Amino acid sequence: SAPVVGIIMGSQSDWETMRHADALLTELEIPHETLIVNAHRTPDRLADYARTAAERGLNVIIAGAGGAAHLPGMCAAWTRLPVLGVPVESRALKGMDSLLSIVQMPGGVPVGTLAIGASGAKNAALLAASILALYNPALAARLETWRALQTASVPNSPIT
């Protein structure tokens, strides 16, 4: 089936983080594509990807980047689709540079930003799912089940 979510990242090194978004979308059976698109090394690839995303049938883009993290913001610049940004943990500054360069978008071009690291990648997929669930009843039911299981599965006490 045709992808409705695009997951993009700038390098193989981002995959350790973004694989968590990929896994969640697969778990919820949301058709998606997972690609490398680098804002700095392949800016024309980025322009083409973002500009054509809507006409290709994409509904949400999840973009991960670390350091001076420009990939989500520049993606949002070229598409009217919702763009969700995952700050990848950077070696020196632990993703604080990633976080500020993604979340601090000036008014007019938004990026919905999630937590630094694996938690953010998982949550970007969940946020994408909740967006798609607004107009897909079967997915809405699967997301309901996912959240219910998450809630029900929390133990009552720690193991010592």
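Residues carry their position along the shown sequence, with the first being 1.
When 118-126 is weighed against 53-61, 53-61 comes out higher, by mean CA B-factor as recorded in the entry. For the pair 88-96 and 107-115, the record assigns the higher mean C-alpha temperature factor to 88-96. The residue among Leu134, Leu35, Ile102, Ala47 whose C-alpha carries the highest B-factor in the deposited model is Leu35.
In the PDB entry, a CA B factor belonging to the middle third of its chain's modelled residues is recorded for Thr145. Among the modelled residues of the chain, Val154 sits in the middle third by CA temperature factor in this PDB entry.
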